[PDB]
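K.L.:
quick one: initial chain(s) of a complex, as found there:
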Amino acid sequence: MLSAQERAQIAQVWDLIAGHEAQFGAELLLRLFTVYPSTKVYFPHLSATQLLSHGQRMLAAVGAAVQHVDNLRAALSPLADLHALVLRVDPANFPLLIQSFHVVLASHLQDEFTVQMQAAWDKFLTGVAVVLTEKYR
């Protein structure tokens, strides 16, 4: 449950990502793989231009989720099935990705990525992660 101010804040973060999905997503994956090498097993194909492609897909889906905070479970249902049932992504990986995403955004946006924006963004992404992991057995 995001407040109106929090929804405005995550829209502001997204406006700073739009157009950079591939580059920011590739850097997110690189940071995740280096700081948490256990995550590399999920991406044997990516383990450099293929990084840009997957990064683009991933962050484009994040942008779509911003437009659907009120019905995230319905809108993300295919992606939830994919991560929980088909890919079998251990839910513990999702906080590692979210923390890594904050670092990449801070590196590019510096003080434009304010602590208020980070709090809202973290709440939003934690909710996305719940949807993408709750079907995991």
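P.N.:
Now that the structure is in, tell me what you want to look at. Numbering: from 1, shown residues only, chains lettered A, B, ... in the order given.
K.L.:
neighbours of residue A:44, how many?
P.N.:
Close neighbours of residue A:44, defined as other C-beta atoms under 10 Å, add up to 7. Every residue, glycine included, has its C-beta placed from N, CA and C.
K.L.:
repeat that for residue A:114.
P.N.:
13.
K.L.:
same deal with residue A:99?
P.N.:
Using other C-beta under 10 Å, residue A:99 has 15 other residues around it.
K.L.:
and the helix or strand that contains it, what does it pack against?
P.N.:
Here residue A:99 sits within helix A:93-109, counting by DSSP states H and E. Secondary-structure packing of helix A:93-109 (3 or more C-beta pairs under 8 Å, 6 or more residues apart in numbering; DSSP states H and E): helix A:4-17, helix A:21-35, helix A:115-133.
K.L.:
in TSV: those, plus mean neighbour count and distance to residue A:68.
P.N.:
Output for the helices and strands packed on helix A:93-109, formatted as TSV (neighbours: other C-beta atoms under 10 Å; distance: least, C-beta to C-beta, whole Å):
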stretch	mean neighbour count	distance to residue A:68
helix A:4-17	16	12
helix A:21-35	20	17
helix A:115-133	17	10
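K.L.:
quick check: angle from the helix holding residue A:99 to helix A:21-35?
P.N.:
Calculated by axes from the mean of the first three to the mean of the last three C-alpha atoms, to 10 degrees, helix A:93-109 forms an angle of 120 degrees with helix A:21-35.
K.L.:
and the angle for helix A:93-109 with helix A:115-133?
P.N.:
150 degrees.
K.L.:
what's helix A:93-109 in contact with?
P.N.:
Outside of helix A:93-109, the residues within contact range by C-beta atoms under 8 Å, 6 or more residues apart in numbering are A:13, A:16-17, A:20, A:24, A:27-28, A:31-32, A:35-36, A:39, A:42, A:113, A:118, A:121-122, A:125-126, A:129, A:132-133.
K.L.:
chain B should go on the structure too:
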Amino acid sequence: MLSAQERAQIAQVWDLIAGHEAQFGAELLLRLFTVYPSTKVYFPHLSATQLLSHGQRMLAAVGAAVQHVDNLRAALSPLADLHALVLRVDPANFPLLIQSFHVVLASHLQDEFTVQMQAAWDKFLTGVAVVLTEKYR
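P.N.:
Okay, here's chain B dropped in alongside the others:
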């Protein structure tokens, strides 16, 4: 157990912090308080110049720990007693601080804070946190 390359990497990170302990530490606390408001209960006195003072103390201790990775338990013993026994800081707060610290460093250092440096820094700070929490009952 940090490798020689990892020790070189954390020395490089510290060289980029030195002189900015107060400012970076204050921003670390502000980010921690905003993204994780549950942490504010530990700092009723700080909850703005007092932020600079505490930030300075905290990050100066980090710098001292860099010089003592081989005998962290002995060198940090007073600080371990303080956090675990006197302040009773719940160990779950330490990952929140470490993640917040990466974000603050990225915001200021941008791509100079490389993913290799972050991996080494994270390993180092996770070890500091183990020392500062293992006495907690």
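K.L.:
revisit what packs on helix A:93-109 given that chain B is now included?
P.N.:
Other helices and strands packing on helix A:93-109, by 3 or more C-beta pairs under 8 Å, 6 or more residues apart in numbering or on different chains; DSSP states H and E, are helix A:4-17, helix A:21-35, helix A:115-133, helix B:93-109.
K.L.:
for residue A:73, which of those helices is the nearest?
P.N.:
Closest to residue A:73 of those is helix A:115-133 (C-beta to C-beta; 5.5 Å).
K.L.:
packing partners of that closest one?
P.N.:
Counting by 3+ C-beta pairs under 8 Å, 6+ apart, helix A:115-133 packs on helix A:4-17, helix A:49-66, helix A:72-75, helix A:77-81, helix A:93-109, helix B:21-35.
K.L.:
can I get it as PDB, trimmed to CA atoms?
P.N.:
The C-alpha coordinates for helix A:115-133 follow below in PDB (Å, rounded to 0.1, in the frame of the first residue of the first chain):
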ATOM      1  CA  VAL A 115      16.500   9.600   0.600                       C
ATOM      2  CA  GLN A 116      12.700  10.200   0.400                       C
ATOM      3  CA  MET A 117      12.800   8.800  -3.200                       C
ATOM      4  CA  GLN A 118      14.800   5.800  -2.000                       C
ATOM      5  CA  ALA A 119      12.400   5.000   0.800                       C
ATOM      6  CA  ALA A 120       9.500   5.000  -1.600                       C
ATOM      7  CA  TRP A 121      11.400   3.100  -4.300                       C
ATOM      8  CA  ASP A 122      12.500   0.500  -1.800                       C
ATOM      9  CA  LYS A 123       8.900   0.000  -0.600                       C
ATOM     10  CA  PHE A 124       7.700  -0.400  -4.200                       C
ATOM     11  CA  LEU A 125      10.400  -2.800  -5.200                       C
ATOM     12  CA  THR A 126       9.900  -4.900  -2.000                       C
ATOM     13  CA  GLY A 127       6.200  -5.200  -3.000                       C
ATOM     14  CA  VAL A 128       7.100  -6.300  -6.500                       C
ATOM     15  CA  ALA A 129       9.500  -8.900  -5.000                       C
ATOM     16  CA  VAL A 130       6.700 -10.300  -2.800                       C
ATOM     17  CA  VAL A 131       4.500 -10.800  -5.900                       C
ATOM     18  CA  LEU A 132       7.400 -12.400  -7.800                       C
ATOM     19  CA  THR A 133       8.300 -14.800  -5.000                       C
END
